[PDB]
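Engineer: Handing you this structure, nothing more for now.
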Amino acid sequence: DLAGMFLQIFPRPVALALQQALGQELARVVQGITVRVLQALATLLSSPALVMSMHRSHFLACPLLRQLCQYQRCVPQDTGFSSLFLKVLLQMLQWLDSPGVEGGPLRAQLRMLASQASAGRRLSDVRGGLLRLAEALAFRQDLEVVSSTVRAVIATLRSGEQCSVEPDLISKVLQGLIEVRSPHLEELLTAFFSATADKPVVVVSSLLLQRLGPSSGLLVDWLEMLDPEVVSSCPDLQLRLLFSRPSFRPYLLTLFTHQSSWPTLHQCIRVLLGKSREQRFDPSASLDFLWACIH
Amino acid sequence: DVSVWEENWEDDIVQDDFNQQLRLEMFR
Amino acid sequence: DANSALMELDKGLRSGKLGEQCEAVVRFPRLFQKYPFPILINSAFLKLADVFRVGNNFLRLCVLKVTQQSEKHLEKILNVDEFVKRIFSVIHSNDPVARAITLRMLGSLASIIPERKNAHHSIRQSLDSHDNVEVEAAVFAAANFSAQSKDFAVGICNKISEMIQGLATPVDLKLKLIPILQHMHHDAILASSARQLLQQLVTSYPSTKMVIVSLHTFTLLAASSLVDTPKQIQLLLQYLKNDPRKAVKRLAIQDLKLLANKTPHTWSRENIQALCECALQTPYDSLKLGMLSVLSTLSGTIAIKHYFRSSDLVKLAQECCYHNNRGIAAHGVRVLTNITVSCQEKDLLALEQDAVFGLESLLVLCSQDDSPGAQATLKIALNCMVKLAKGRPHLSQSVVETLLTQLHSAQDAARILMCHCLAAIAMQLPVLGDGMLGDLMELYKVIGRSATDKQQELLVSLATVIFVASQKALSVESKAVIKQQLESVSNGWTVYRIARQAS
Amino acid sequence: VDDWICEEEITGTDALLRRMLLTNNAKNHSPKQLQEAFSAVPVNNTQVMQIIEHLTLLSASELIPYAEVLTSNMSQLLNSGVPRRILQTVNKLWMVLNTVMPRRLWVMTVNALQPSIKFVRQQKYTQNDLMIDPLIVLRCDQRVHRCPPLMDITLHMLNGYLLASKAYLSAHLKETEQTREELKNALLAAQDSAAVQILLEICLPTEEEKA
Amino acid sequence: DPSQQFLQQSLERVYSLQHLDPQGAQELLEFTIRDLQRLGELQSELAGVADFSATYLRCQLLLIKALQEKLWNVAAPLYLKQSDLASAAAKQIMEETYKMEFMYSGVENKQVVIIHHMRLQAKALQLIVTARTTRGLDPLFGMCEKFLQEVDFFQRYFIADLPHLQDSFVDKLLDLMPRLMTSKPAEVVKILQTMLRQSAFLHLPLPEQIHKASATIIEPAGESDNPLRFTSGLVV
Amino acid sequence: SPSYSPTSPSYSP
């Protein structure tokens with residue numbers, strides 16, 4: 001039978017035969033009883049234990065879950081089967097949540113599979129995910145929740161269209177993301193600067209003008225990418241970036257010297273020399289810039 | 001690079017003159 | 001002869017039409033290979049330097065190609081001063097391409113005439129020139145001379161620092177200018193000053209290209225100057241965890257792999273713990289694959305012994321051993337195999353069977369698709385099988401049993417590789433002959449109609465493992481083997497190799 | 001020598017960046033993707049900038065499929081407001097392509113810089129038309145006379161075709177002859193001096209520059 | 001100076017990991033030897049102490065390589081010299097201990113007792129292998145009594161340094177020196193070989209200032225031909 | 001010669 005084997009092995013040759021069978025039927029799938037075994041295990045586990053029985057024998061169980069996930073990845077068309085596997089993963093997470101069991105390969109594997117499955121699906125709308133992420137980052141907790149919602153946001157953006165932008169929201173969201181130092185920050189920036197444009201350079205410039213240790217290079221690369229003449233868009237922001245009273249200032253200065261049109265530099269030097277009240281621009285940066293422009 | 005059987009006689013794909021000549025003279 | 005050939009080449013040189021001159025000049029290195037006689041080499045290079053001095057820039061370019069190809073024969077130059085003196089004269093030409101070819105010439109000759117101070121001065125003056133080709137040639141020559149001269153390296157490090165920190169220097173020139181610093185491994189204070197400069201570079205120029213170039217050349221410099229290796233390792237780990245860019249993380253992985261390949265013993269427990277934390281934390285499977293490759297490289301060496309029961313490395317390797325991706329699983333189970341075969345603590349006894357069933361899963365995963373990546377992962381797993389059966393011989397019965405149960409269903413290439421693995425295991429312990437011999441024999445029957453390409457090699461490997469399994473005489477079995485050969489092989493080379501293994 | 005000396009190694013920094021920056025499936029930046037990015041009527045200089053800035057990492061061989069899209073679109077780069085970064089990068093890519101497919105590149109770059117008076121503006125110059133008369137290179141658009149990267153492209157092509165004409169007339173003279181030497185030398189000298197004179201007249205400030 | 005710190009940390013790295021598998025121990029040994037040679041190449045000030053410690057580490061590496069050879073598993077009649085590495089290892093470590101003692105300047109008594117101890121280990125290994133190659137009892141008695149006299153001369157010379165050689169090979173020899181002369185020579189070979197295998201690896205305290213002596217012939221200079229012409233028998 | 005400035009250091013063979 002099927003349920004008998006799981007109530008036998010978890011609390012050995014039968015496991016080898018079962019795993020070989022799953023491998024052969026997956027070979028049949030890729031060339032062109034997994035549903036039955038998944039239904040049998042779901043019925044066994046919903047019914048009254050077994051999860052802690054196989055917790056000490058994760059070496060026999062974890063490859064089976066990998067095989068089932070490979071089946072799901074091979075063919076996503078068979079919904080219901082995939083959904084039942086997702087429910088089984090949630091049930092495994094919920095039942096195993098007793099903290100006394102300590103860490104394990106099975107626990108982390110189920111967590112990885114659940115995170116992947118949540119990543120696979122798409123969210124309904126960009127705005128709802130953005131508001132959820134802003135709230136989650138504002139609460140300064142639940143890093144896995146923050147990871148899940150940025151995954152949903154990236155999924156909807158890479159499978160979406162021109163939605164509302166709400167610049168102050170995006171500035172605060174990205175400030176929170178760099179503060180918590182997300183791993184999906186570059187992916188998110190790529191996702192929502194590829195489209196959904198209505199002033200990305202203003203967002204990047206405002207973020208940089210605001211401390212920003214590791215992610216400053218990413219933003220610097222970004223406004224080098226989308227602001228070629230550097231001070232072309234919103235000139236006052238870039239003027240106070242390049243000349244004011246920072247770390248990446250020499251890099252941006254080099255870009256502005258060797259990358260901008262001659263009218264741009266002419267207007268810049270007229271600005272630097274036409275301020276009759278300011279003392280706002282740095283003397284050092286302005287003088288080095290003038291010397292660089294001459295030479 | 002990586003090898004399963006460290007001491008394997010079939011590893012050498014391009015062989016010495018004796019085995020090359022014997023191979024060509026028998027691979028038919 | 002030697003003289004005859006040299007005379008012919010000189011005749012081609014004087015020809016005055018550019019085609020024959022270029023033909024002769026590029027014909028020179030073949031002459032050097034023909035007759036490596038130092039009198040001929042010296043006279044020939046003197047003629048080459050003379051045509052270099054007076055002759056258009058394309059001829060000089062051909063001469064530069066010759067000097068780059070004939071770098072070894074430069075050691076056999078006696079009249080070095082005259083040769084360089086007439087090469088060096090064209091640095092005063094107002095033509096920047098001629099100056100560029102001259103700077104590249106001096107760069108090619110940095111091995112034989114370092115510490116020629118006028119040449120150093122020409123590199124230094126040409127560095128801040130206006131023509132772009134002259135500046136690049138000066139950069140290349142500076143790289144060569146810094147690799148050769150300590151005096152030049154210490155003299156030029158300050159110029160390079162003020163050139164990067166200079167603002168008229170564009171970004172691409174800065175990028176070409178940074179990796180001169182990998183040649184500052186002549187001195188301890190020199191290396192320390194260069195390290196300080198590189199730190200200033202990454203903080204003040206945080207672009208992806210420039211941080212990549214700077215932190216990669218800093219890695220090479222710390223690799224050569226061994227004193228800075230631990231702080232380089234901790235800088236790379238810090239950048240791997242902190243810097244969000246995938247290109248920066250990929251570089252951190254690749255050059256940490258370089259460091260772990262050359263000085264694994266200098267890796268500390270803190271570094272391995274930090275790398276394991278990074279691997280557990282990352283969501284990107286390519287990054288996880290890369291730093292797990294680094295972990296497997298470390299675990300192959302003594303660094304695991306320095307690392308030491310349960311820890312983040314063990315949790316990592318158990319977690320990643322059953323990964324969906326095949327490469328992460330292969331590397332994680334290699335890490336498990338190395339830890340298992342290294343130590344003999346009492347907690348490891350639970351770890352070995354985890355490793356064994358991980359290898360089992362890798363066999364079930366990688367034995368069907370026949371992709372080249374599948375072949376790579378299968379080779380990794382099978383080499384691990386061989387390793388932990390040789391190193392932990394009490395665990396070989398289960399290894400061979402899963403190999404037998406899987407040999408029926410695997411594809412032909414996987415069958416070849418598993419037969420090689422099984423042959424190694426059987427050669428290393430003799431107590432399993434008749435049984436497994438019968439199973440491989442009943443497998444041998446169905447080999448006559450497998451495929452057309454891998455059938456021969458599969459037959460060779462299967463007969464080989466049959467012979468290793470056997471330790472006695474067989475008559476009806478030999479009849480079956482011979483009948484199979486006559487029926488399906490009809491080649492002989494397979495029969496000859498099988499007979500070789502039988503002998 | 002300039003088309004050859006650029007092949008020379010400075011450090012190998014570009015080898016390192018090609019190794020590191022090219023793996024994350026960035027080859028999806030197809031030539032037709034670049035063409036779509038160019039032909040978009042809001043221009044979207046960010047997109048084309050991104051595409052070509054990825055293209056610099058490609059070796060000269062694999063840049064060849066991108067040759068037509070970035071030559072034929074280069075007349076669009078003459079328009080005002082095109083950032084210097086794109087012009088310099090297109091110059092670098094053209095200089096790279098000049099090392100592998102120079103004759104085809106020059107022929108199809110001359111056609112890309114015609115003034116666009118007509119509907120096609122005679123997009124039919126070939127190697128032979130430019131070899132008999134290299135001054136067609138200076139018959140290009142008015143606007144490249146103040147577009148220094150495109151001016152550099154034009155000067156490279158002009159120098160190349162001056163030398164090509166020098167060789168071509170010798171080849172044709174040998175073929176026809178089966179005096180003329182003086183006529184050939186005078187033609188080459190007058191052609192070169194006319195090229196120099198046209199270049200000097202480009203250097204002059206036009207009355208618009210007087211303002 | 002981080003160069004000095006790297007030197008000291010490399011030495012304590014190899015000292016602290018003496019418990020490794022002989023394969024891993026050999027890997028650590030040659031890694032440290034390569035590191036110390038490169039360090040001597042880098043900085044000229046520490047070239048002397050780098051060369052000193054590198055030579056001592058090479059001695060230990062050769063001893064470890066010799067002791068783990070497949071020459072002790074087989075019996076005496078099956079001994080072969082063509083595959084022998086232990087005699088070459090013994091000669092090499094013997095010469096290296098001489099070089100270490102005399103070439104380098106700035107040697108105090110602690111360095112000398114460490115070098116003499118390693119020399120004694122070398123002599124013991126040579127005695128073991130020469131017992132392996134021979135069967136007559138006169139050579140065994142001869143070199144065994146000479147070696148025990150050498151041990152006595154050592155322990156007499158270094159009475160003050162004995163309380164610092166803790167867990168050392170000589171400390172194990174001193175536990176059995178009055179009684180070893182009673183036992184049969186084959187058992188003496190067995191006991192000294194066994195207790196040589198598990199003997200500790202001795203820390204080598206560095207001097208404050210030390211250099212390797214060096215000589216540079218300049219006047220002959222080996223330039224080229226045009227040999228020295230002189231008449232036969234007479235002097236040039 | 002066109003390739004050398006008049007004030008350049010002269011080359012003595």
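By convention here, the chains of the structure tokens are called A, B, ... in the order presented, each chain's residues are numbered starting at 1, and ligands are numbered starting at 1 in the order presented.
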What are the residues of chain C lining chain B at 9 Å or less? Count only C-alpha atoms, and put the answer as a PyMOL selection string.
Structural biologist: chain C and resi 376+379-380+382-384+386+417-418+420-424+457+460-461+490-494+496-497+501
Engineer: For those residues, write N, CA and C atoms to a file as a PDB file, in the first residue's frame.
Structural biologist:
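Listing of part_33.pdb after writing:
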ATOM      1  N   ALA C 376      28.330  16.649 -14.958  1.00  0.00           N
ATOM      2  CA  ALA C 376      29.202  17.286 -13.975  1.00  0.00           C
ATOM      3  C   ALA C 376      28.767  16.962 -12.551  1.00  0.00           C
ATOM      4  N   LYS C 379      29.383  13.295 -11.757  1.00  0.00           N
ATOM      5  CA  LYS C 379      30.791  13.046 -11.477  1.00  0.00           C
ATOM      6  C   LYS C 379      31.172  13.520 -10.084  1.00  0.00           C
ATOM      7  N   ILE C 380      30.664  14.685  -9.669  1.00  0.00           N
ATOM      8  CA  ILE C 380      30.942  15.184  -8.321  1.00  0.00           C
ATOM      9  C   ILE C 380      30.419  14.208  -7.275  1.00  0.00           C
ATOM     10  N   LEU C 382      29.661  10.994  -7.620  1.00  0.00           N
ATOM     11  CA  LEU C 382      30.297   9.680  -7.657  1.00  0.00           C
ATOM     12  C   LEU C 382      31.705   9.720  -7.090  1.00  0.00           C
ATOM     13  N   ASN C 383      32.439  10.801  -7.353  1.00  0.00           N
ATOM     14  CA  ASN C 383      33.731  10.980  -6.713  1.00  0.00           C
ATOM     15  C   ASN C 383      33.566  11.067  -5.201  1.00  0.00           C
ATOM     16  N   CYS C 384      32.487  11.705  -4.739  1.00  0.00           N
ATOM     17  CA  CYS C 384      32.193  11.714  -3.308  1.00  0.00           C
ATOM     18  C   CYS C 384      31.878  10.319  -2.782  1.00  0.00           C
ATOM     19  N   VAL C 386      33.018   7.441  -3.954  1.00  0.00           N
ATOM     20  CA  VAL C 386      34.310   6.766  -3.881  1.00  0.00           C
ATOM     21  C   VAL C 386      35.089   7.245  -2.666  1.00  0.00           C
ATOM     22  N   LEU C 417      29.425   5.899 -15.819  1.00  0.00           N
ATOM     23  CA  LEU C 417      30.038   6.565 -14.676  1.00  0.00           C
ATOM     24  C   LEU C 417      29.841   5.774 -13.387  1.00  0.00           C
ATOM     25  N   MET C 418      28.648   5.218 -13.178  1.00  0.00           N
ATOM     26  CA  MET C 418      28.416   4.412 -11.988  1.00  0.00           C
ATOM     27  C   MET C 418      29.186   3.103 -12.024  1.00  0.00           C
ATOM     28  N   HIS C 420      32.189   2.843 -13.369  1.00  0.00           N
ATOM     29  CA  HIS C 420      33.525   3.277 -12.958  1.00  0.00           C
ATOM     30  C   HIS C 420      33.616   3.443 -11.445  1.00  0.00           C
ATOM     31  N   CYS C 421      32.616   4.099 -10.853  1.00  0.00           N
ATOM     32  CA  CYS C 421      32.581   4.275  -9.403  1.00  0.00           C
ATOM     33  C   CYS C 421      32.546   2.935  -8.682  1.00  0.00           C
ATOM     34  N   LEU C 422      31.676   2.038  -9.140  1.00  0.00           N
ATOM     35  CA  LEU C 422      31.539   0.718  -8.544  1.00  0.00           C
ATOM     36  C   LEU C 422      32.817  -0.091  -8.695  1.00  0.00           C
ATOM     37  N   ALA C 423      33.489   0.032  -9.841  1.00  0.00           N
ATOM     38  CA  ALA C 423      34.758  -0.650 -10.053  1.00  0.00           C
ATOM     39  C   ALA C 423      35.815  -0.165  -9.076  1.00  0.00           C
ATOM     40  N   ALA C 424      35.870   1.147  -8.830  1.00  0.00           N
ATOM     41  CA  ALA C 424      36.793   1.675  -7.827  1.00  0.00           C
ATOM     42  C   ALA C 424      36.485   1.112  -6.442  1.00  0.00           C
ATOM     43  N   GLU C 457      31.333   1.594 -24.961  1.00  0.00           N
ATOM     44  CA  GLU C 457      31.967   2.006 -23.712  1.00  0.00           C
ATOM     45  C   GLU C 457      31.242   1.425 -22.509  1.00  0.00           C
ATOM     46  N   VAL C 460      32.419  -2.111 -22.189  1.00  0.00           N
ATOM     47  CA  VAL C 460      33.769  -2.155 -21.628  1.00  0.00           C
ATOM     48  C   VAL C 460      33.729  -1.950 -20.118  1.00  0.00           C
ATOM     49  N   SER C 461      33.011  -0.918 -19.668  1.00  0.00           N
ATOM     50  CA  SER C 461      32.947  -0.612 -18.240  1.00  0.00           C
ATOM     51  C   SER C 461      32.232  -1.707 -17.453  1.00  0.00           C
ATOM     52  N   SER C 490      30.938  -7.036 -32.540  1.00  0.00           N
ATOM     53  CA  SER C 490      31.510  -7.228 -33.882  1.00  0.00           C
ATOM     54  C   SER C 490      32.516  -6.138 -34.249  1.00  0.00           C
ATOM     55  N   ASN C 491      33.212  -5.601 -33.249  1.00  0.00           N
ATOM     56  CA  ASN C 491      34.136  -4.494 -33.443  1.00  0.00           C
ATOM     57  C   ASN C 491      35.565  -4.940 -33.183  1.00  0.00           C
ATOM     58  N   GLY C 492      35.837  -5.437 -31.988  1.00  0.00           N
ATOM     59  CA  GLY C 492      37.148  -5.944 -31.670  1.00  0.00           C
ATOM     60  C   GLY C 492      37.891  -5.032 -30.729  1.00  0.00           C
ATOM     61  N   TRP C 493      37.833  -3.720 -30.973  1.00  0.00           N
ATOM     62  CA  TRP C 493      38.470  -2.777 -30.062  1.00  0.00           C
ATOM     63  C   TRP C 493      37.815  -2.849 -28.695  1.00  0.00           C
ATOM     64  N   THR C 494      36.488  -2.966 -28.671  1.00  0.00           N
ATOM     65  CA  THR C 494      35.791  -3.251 -27.425  1.00  0.00           C
ATOM     66  C   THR C 494      36.205  -4.611 -26.878  1.00  0.00           C
ATOM     67  N   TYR C 496      39.054  -6.148 -27.508  1.00  0.00           N
ATOM     68  CA  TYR C 496      40.436  -6.020 -27.057  1.00  0.00           C
ATOM     69  C   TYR C 496      40.535  -5.328 -25.708  1.00  0.00           C
ATOM     70  N   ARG C 497      39.778  -4.248 -25.504  1.00  0.00           N
ATOM     71  CA  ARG C 497      39.829  -3.557 -24.219  1.00  0.00           C
ATOM     72  C   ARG C 497      39.246  -4.416 -23.106  1.00  0.00           C
ATOM     73  N   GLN C 501      41.174  -5.745 -19.741  1.00  0.00           N
ATOM     74  CA  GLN C 501      40.710  -5.701 -18.359  1.00  0.00           C
ATOM     75  C   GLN C 501      40.677  -7.091 -17.741  1.00  0.00           C
TER      76      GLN C 501
END
Engineer: What lies within 9 Å of residue 53 in chain A using only C-alpha atoms, ignoring chain neighbours under 6 positions off, as a list in words?
Structural biologist: residues 7, 10 and 11 of chain A
Engineer: Can you work out the spacing between CA of residue 124 in chain E and CA of residue 37 in chain E in Å, to one decimal?
Structural biologist: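 Result for CA of residue 124 in chain E versus CA of residue 37 in chain E: 28.2 Å, one decimal.
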Engineer: Can you write out as CSV which residues of chain A fall within 6 Å of chain C, alongside each residue's closest atom pair and its distance in Å to one decimal, counting only C-alpha atoms and ordering rows by chain and ascending residue number?
Structural biologist:
residue,atom,partner,partner_atom,distance
A:59,CA,C:354,CA,5.6
A:63,CA,C:361,CA,5.9
A:66,CA,C:324,CA,5.8
A:105,CA,C:319,CA,4.8
A:214,CA,C:243,CA,5.1
A:217,CA,C:206,CA,4.4
A:221,CA,C:207,CA,5.5
A:247,CA,C:204,CA,5.1
A:248,CA,C:204,CA,4.9
A:251,CA,C:205,CA,5.2
A:254,CA,C:167,CA,5.8
A:292,CA,C:168,CA,4.7
Engineer: Could you give me, as a PyMOL selection string, the residues within 9 Å of residue 68 in chain C, counting only C-alpha atoms and dropping anything in the same chain fewer than 4 positions from it?
Structural biologist: chain C and resi 63-64+105+108-109
Engineer: How about saving the chosen residues, N, CA, C and O atoms kept, as an mmCIF file, in the first residue's frame?
Structural biologist:
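File result.cif, as written:
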data_model
loop_
_atom_site.group_PDB
_atom_site.id
_atom_site.type_symbol
_atom_site.label_atom_id
_atom_site.label_comp_id
_atom_site.auth_asym_id
_atom_site.auth_seq_id
_atom_site.Cartn_x
_atom_site.Cartn_y
_atom_site.Cartn_z
ATOM 1 N N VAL C 63 57.597 45.464 -35.569
ATOM 2 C CA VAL C 63 58.735 45.256 -34.674
ATOM 3 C C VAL C 63 58.272 45.041 -33.236
ATOM 4 O O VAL C 63 58.828 44.210 -32.505
ATOM 5 N N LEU C 64 57.236 45.765 -32.819
ATOM 6 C CA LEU C 64 56.668 45.566 -31.491
ATOM 7 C C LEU C 64 56.084 44.172 -31.346
ATOM 8 O O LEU C 64 56.240 43.531 -30.300
ATOM 9 N N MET C 105 57.175 49.393 -26.712
ATOM 10 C CA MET C 105 58.442 48.704 -26.894
ATOM 11 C C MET C 105 59.212 48.616 -25.594
ATOM 12 O O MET C 105 59.713 47.549 -25.233
ATOM 13 N N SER C 108 57.730 46.091 -23.481
ATOM 14 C CA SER C 108 58.127 44.741 -23.865
ATOM 15 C C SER C 108 59.544 44.419 -23.414
ATOM 16 O O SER C 108 59.874 43.250 -23.196
ATOM 17 N N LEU C 109 60.387 45.432 -23.266
ATOM 18 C CA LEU C 109 61.774 45.264 -22.871
ATOM 19 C C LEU C 109 61.988 45.510 -21.397
ATOM 20 O O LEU C 109 63.133 45.671 -20.973
#
Engineer: So which residues touch range 2-6 of chain F within 7 Å, counting only C-alpha atoms, skipping near sequence neighbours fewer than 4 positions away, as a PyMOL selection string?
Structural biologist: chain C and resi 92-95
Engineer: Mind running range 7-43 of chain A against range 75-88 of chain A at 10 Å and telling me each contacting residue's nearest atom pair with the distance in Å (one decimal), counting only C-alpha atoms, chain and number ascending, as a tab-separated table?
Structural biologist:
residue	atom	partner	partner_atom	distance
A:29	CA	A:75	CA	8.1
A:30	CA	A:75	CA	8.8
A:34	CA	A:81	CA	9.1
A:35	CA	A:81	CA	6.4
A:36	CA	A:81	CA	9.5
A:38	CA	A:85	CA	7.1
A:39	CA	A:84	CA	7.8
A:41	CA	A:88	CA	8.7
A:42	CA	A:88	CA	6.4
A:43	CA	A:88	CA	9.8
Engineer: Going by DSSP on the backbone, which residues of chain B come out as helix (DSSP H, G or I)? List them as a ChimeraX atom specification.
Structural biologist: /B:17-24
Engineer: Give me, please, the distance in Å between CA of residue 448 in chain C and CA of residue 404 in chain C, quoted to one decimal.
Structural biologist: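 So the two atoms, CA of residue 448 in chain C and CA of residue 404 in chain C, lie 19.2 Å apart.
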Engineer: Between CA of residue 81 in chain D and CA of residue 26 in chain D, what distance in Å does the model show, to one decimal?
Structural biologist: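 Answer for the CA of residue 81 in chain D to CA of residue 26 in chain D separation: 27.7 Å.
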Engineer: Got a sec: who's within 7 Å of range 15-22 of chain A, counting only C-alpha atoms, leaving out chain neighbours fewer than 2 positions off, as a PDB file with C-alpha atoms, in the first residue's frame?
Structural biologist:
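Full text of part.pdb as output:
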ATOM      1  CA  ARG A  12      14.274   1.349   4.264  1.00  0.00           C
ATOM      2  CA  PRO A  13      14.332  -0.734   0.996  1.00  0.00           C
ATOM      3  CA  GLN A  24      11.253   6.901 -13.301  1.00  0.00           C
ATOM      4  CA  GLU A  25       7.838   8.546 -13.585  1.00  0.00           C
ATOM      5  CA  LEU A  26       9.494  11.970 -13.609  1.00  0.00           C
ATOM      6  CA  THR A  34       3.092  11.116  -7.755  1.00  0.00           C
ATOM      7  CA  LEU A  64      11.073  12.908  -1.641  1.00  0.00           C
TER       8      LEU A  64
ATOM      9  CA  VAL C 364      18.207   9.478  -8.405  1.00  0.00           C
TER      10      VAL C 364
END
Engineer: Nearest to residue 114 in chain E among E:177, E:165, E:140, E:11, with distances taken over only C-alpha atoms: which residue is it?
Structural biologist: E:165
Engineer: Extract, using only C-alpha atoms, all DNA, RNA and protein residues at most 9 Å from residue 47 in chain D, discarding same-chain residues fewer than 3 positions from it, and format them as a PyMOL selection string.
Structural biologist: (chain A and resi 225-226) or (chain D and resi 34+37-38+43-44+50-52)
Engineer: Between chain D and chain A, at 9 Å or less, what are the per-residue closest atom pairs and their distances in Å? Count only C-alpha atoms, order by chain and rising residue number, and return it as JSON lines.
Structural biologist:
{"residue": "D:45", "atom": "CA", "partner": "A:226", "partner_atom": "CA", "distance": 8.1}
{"residue": "D:46", "atom": "CA", "partner": "A:226", "partner_atom": "CA", "distance": 5.0}
{"residue": "D:47", "atom": "CA", "partner": "A:226", "partner_atom": "CA", "distance": 8.1}
{"residue": "D:49", "atom": "CA", "partner": "A:225", "partner_atom": "CA", "distance": 7.3}
{"residue": "D:50", "atom": "CA", "partner": "A:225", "partner_atom": "CA", "distance": 6.5}
{"residue": "D:53", "atom": "CA", "partner": "A:225", "partner_atom": "CA", "distance": 8.9}
{"residue": "D:81", "atom": "CA", "partner": "A:261", "partner_atom": "CA", "distance": 8.5}
{"residue": "D:82", "atom": "CA", "partner": "A:261", "partner_atom": "CA", "distance": 8.9}
{"residue": "D:83", "atom": "CA", "partner": "A:229", "partner_atom": "CA", "distance": 5.9}
{"residue": "D:84", "atom": "CA", "partner": "A:259", "partner_atom": "CA", "distance": 5.7}
{"residue": "D:85", "atom": "CA", "partner": "A:259", "partner_atom": "CA", "distance": 5.6}
{"residue": "D:86", "atom": "CA", "partner": "A:228", "partner_atom": "CA", "distance": 8.1}
{"residue": "D:88", "atom": "CA", "partner": "A:259", "partner_atom": "CA", "distance": 8.7}
Engineer: Include N, CA and C atoms and write out the residues we just selected as a PDB file, in the first residue's frame.
Structural biologist:
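selection_20.pdb was written with the following content:
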ATOM      1  N   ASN D  45      16.597  57.763 -24.271  1.00  0.00           N
ATOM      2  CA  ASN D  45      18.054  57.693 -24.283  1.00  0.00           C
ATOM      3  C   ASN D  45      18.603  56.811 -23.174  1.00  0.00           C
ATOM      4  N   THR D  46      17.870  56.676 -22.071  1.00  0.00           N
ATOM      5  CA  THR D  46      18.280  55.764 -21.012  1.00  0.00           C
ATOM      6  C   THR D  46      18.351  54.331 -21.521  1.00  0.00           C
ATOM      7  N   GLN D  47      17.349  53.903 -22.291  1.00  0.00           N
ATOM      8  CA  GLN D  47      17.323  52.525 -22.772  1.00  0.00           C
ATOM      9  C   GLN D  47      18.477  52.243 -23.726  1.00  0.00           C
ATOM     10  N   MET D  49      21.227  53.904 -24.047  1.00  0.00           N
ATOM     11  CA  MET D  49      22.454  54.023 -23.275  1.00  0.00           C
ATOM     12  C   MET D  49      22.746  52.710 -22.560  1.00  0.00           C
ATOM     13  N   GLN D  50      21.737  52.155 -21.872  1.00  0.00           N
ATOM     14  CA  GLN D  50      21.885  50.880 -21.165  1.00  0.00           C
ATOM     15  C   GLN D  50      22.323  49.763 -22.100  1.00  0.00           C
ATOM     16  N   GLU D  53      25.929  50.386 -23.422  1.00  0.00           N
ATOM     17  CA  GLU D  53      26.865  50.229 -22.321  1.00  0.00           C
ATOM     18  C   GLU D  53      27.040  48.769 -21.943  1.00  0.00           C
ATOM     19  N   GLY D  81      20.579  67.379 -28.157  1.00  0.00           N
ATOM     20  CA  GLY D  81      20.156  66.810 -26.903  1.00  0.00           C
ATOM     21  C   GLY D  81      20.563  65.376 -26.679  1.00  0.00           C
ATOM     22  N   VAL D  82      21.258  64.757 -27.627  1.00  0.00           N
ATOM     23  CA  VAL D  82      21.756  63.403 -27.427  1.00  0.00           C
ATOM     24  C   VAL D  82      22.972  63.535 -26.525  1.00  0.00           C
ATOM     25  N   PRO D  83      22.980  62.854 -25.387  1.00  0.00           N
ATOM     26  CA  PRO D  83      24.075  63.000 -24.427  1.00  0.00           C
ATOM     27  C   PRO D  83      25.401  62.539 -24.991  1.00  0.00           C
ATOM     28  N   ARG D  84      26.469  63.163 -24.497  1.00  0.00           N
ATOM     29  CA  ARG D  84      27.807  62.826 -24.955  1.00  0.00           C
ATOM     30  C   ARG D  84      28.171  61.390 -24.624  1.00  0.00           C
ATOM     31  N   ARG D  85      27.552  60.816 -23.594  1.00  0.00           N
ATOM     32  CA  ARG D  85      27.872  59.451 -23.201  1.00  0.00           C
ATOM     33  C   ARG D  85      27.532  58.456 -24.301  1.00  0.00           C
ATOM     34  N   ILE D  86      26.353  58.602 -24.906  1.00  0.00           N
ATOM     35  CA  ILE D  86      25.964  57.722 -26.003  1.00  0.00           C
ATOM     36  C   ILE D  86      26.853  57.919 -27.218  1.00  0.00           C
ATOM     37  N   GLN D  88      30.032  58.941 -27.281  1.00  0.00           N
ATOM     38  CA  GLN D  88      31.321  58.330 -26.980  1.00  0.00           C
ATOM     39  C   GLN D  88      31.242  56.815 -27.002  1.00  0.00           C
TER      40      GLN D  88
END
